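Structure assessment
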Amino acid sequence: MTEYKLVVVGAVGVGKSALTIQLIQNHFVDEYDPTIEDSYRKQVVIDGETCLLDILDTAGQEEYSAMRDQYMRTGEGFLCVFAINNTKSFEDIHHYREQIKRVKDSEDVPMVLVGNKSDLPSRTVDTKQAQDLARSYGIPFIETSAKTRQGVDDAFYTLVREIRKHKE
Amino acid sequence: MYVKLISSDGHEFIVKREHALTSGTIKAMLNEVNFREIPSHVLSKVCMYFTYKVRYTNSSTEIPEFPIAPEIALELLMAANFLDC
Amino acid sequence: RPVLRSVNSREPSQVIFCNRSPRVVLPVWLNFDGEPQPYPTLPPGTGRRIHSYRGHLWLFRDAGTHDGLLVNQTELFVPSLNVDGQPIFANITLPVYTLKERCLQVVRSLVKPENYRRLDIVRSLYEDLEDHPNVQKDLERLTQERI
Amino acid sequence: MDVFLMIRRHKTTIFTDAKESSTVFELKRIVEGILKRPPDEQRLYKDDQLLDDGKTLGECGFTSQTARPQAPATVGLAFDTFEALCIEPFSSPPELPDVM
Ligand SMILES: Nc1nc2c(ncn2[C@@H]2O[C@H](COP(=O)(O)OP(=O)(O)O)[C@@H](O)[C@H]2O)c(=O)[nH]1
Ligand SMILES: [Mg+2]
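Residues numbered from 1 in each chain as written, not as in the entry; some residues may be left out. Chains lettered and ligands numbered in written order. Heavy atoms only, no water. Residues with missing side-chain atoms left out of burial classes, pairs and counts.

X-ray crystallography is the method the PDB entry states for this structure, with the resolution given as 2.63 Å.

Next up, the structure:
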């Protein structure tokens, strides 16, 4: 069975952990330890194909060492995720993207932009600019929210789709 | 000012002295110098390289590649090593 | 400690890597300890908008052979300060190789190392054949030339 | 615009440059200074074509694209009466060795 190794990146407090758990344990987690980084495996079906997802939920302080570089280098696809309530996350998306391109040694790395917390009424960045930036990157944008869980599976499965397109 | 460069097969190549001075070994041999180990098809390439070097040294824009045919590669290499250029 | 190192400036600088060479260009960034770090390659004739930081040291080589290349008619490249948000341009070009080095390049592309010494040339050229371009050796040379 | 040429006669080859605007007569003067023959006793050729010492080099077909330093375009030279344009050829490289 074909495996897909997914890596979720973003600033601390964007919702990476809660979103990741929402993909697997099917429950929104209101508060998760900011320091806990772990991987999770889940057997799923995408377009009929029985895929195995391996999701690394990144967390912790910056580490631009050889070891962290190689750890992230094993990622086949990346979820650059931001929160619509935090401007800094949408600004940081670019830095995370450049780091991915460095460790993957390519300008074309499978990834999907995510606008999380689409249940919060406050909007610092609307759904419109994110699609513009993704267009500048050449990736899809999904406005999923882990709290309401709308579009989370769409995001992960779209990353698997982008990976499949890159492998073909 | 010009210098004559005679090849092993008797070909006379007249180049500007400033350009032939690119070769350290030629600059050491100093207005007519004979080479008994370098054929005409090699000395012609060496002279072309002299003009190429003088034209593009300290140029501000892009530089074209110096073309070297595989069949001449070895002989040109030996000539370059001996001429110190 | 090494003289040829990048500065931990943490100030963004947008740079344009322009490959105006026939070769496949490997960008090499000198980290804060001076060690060369290869970056993604540029196909010939390609321009790419990269993001670096002020005071960072860059050099450019042939991706396949590590042959030396020039950037803005010099060996090393350091981004300046971006005036009004415009990008700095890094023009990567060929240098005027010595005829000996150019011939050594082409012979290296034809013969395999296993057969290098089976060529009817002076023995002095055999070691020169196996002495492939080295980023570290050029860094040593450049450092002493600054001194 | 500079054009880089090797003007040849018999076993002699003169490497020099000129302007694309430079006329055939000025090049004949250049060869007078080197081979000691005035633009009277000499006739320049592009391929088998005789060049009229009044037209510019670029007007004869000598462009920067076709007359580079690393690949100069050839201009034949012939000297009572003139001689048949004779350019003795260069040597030939050997058969390419097995290892290449
Ligand atoms: N309203 C809302 N809150 C969210 C959403 N996703 C995450 N959060 C909250 O944001 C906080 C930080 O998210 P967290 O999972 O710890 O992200 P991480 O630490 O970067 O991996 C958590 O307490 C979540 O309750 C969402 O879609 N909507
Ligand atoms: Mg976390």
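Moving on from the model shown.
Let's talk about the overall build of chain B
Per the secondary structure count, chain B includes four helices and three strands. Taken from N to C terminus, the helices and strands of chain B fall in the order β-β-α-α-β-α-α. Computed over its C-alpha atoms, the radius of gyration of chain B comes to 13 Å, within 12% of the 12 Å expected for a compact globule of 85 residues. For chain B, the spread of C-alpha atoms along the three principal axes comes to 40 × 35 × 20 Å. (Helix = DSSP H or I, 4+ residues; strand = E, 2+ residues; numbered from the N terminus. Rg over C-alpha atoms; globule rule 2.2 N^0.38 Å.)

Brief notes about the environment of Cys85(B)
Counting through the fold element by element, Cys85(B) comes out in the segment after α4 (70–83). The exposure class of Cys85(B) is buried, given its relative accessible area of 10%. (Buried < 20%, exposed > 50% of the residue type's maximum accessible area, 1.4 Å probe, protein only.)

Examining the side chain of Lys28(D)
Residues and elements named next belong to chain D. Tracing the chain through its elements places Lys 28 in helix α1 (residues 24–35). A distance of 3.1 Å separates polar atoms of two side chains, one belonging to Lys 28 and the other to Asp 53. Once you skip the residues sitting within four places of it in the chain, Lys 28 turns out to touch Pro 39, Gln 42, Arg 43, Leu 44 and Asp 53. (Polar contact = N/O pair within 3.5 Å; in protein donor to acceptor, adjacent residues only side chain to side chain. Contact = heavy atoms within 4.5 Å.)

Concerning unusual backbone geometry
Residue and element names in this part refer to chain D. One non-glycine residue with positive phi stands out, namely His 10, at about 60 degrees. The residue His 10 is located in the loop between β1 (2–9) and β2 (12–19) in this model. Owing to a relative accessible area of 27%, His 10 belongs among the partly exposed residues under this scheme.

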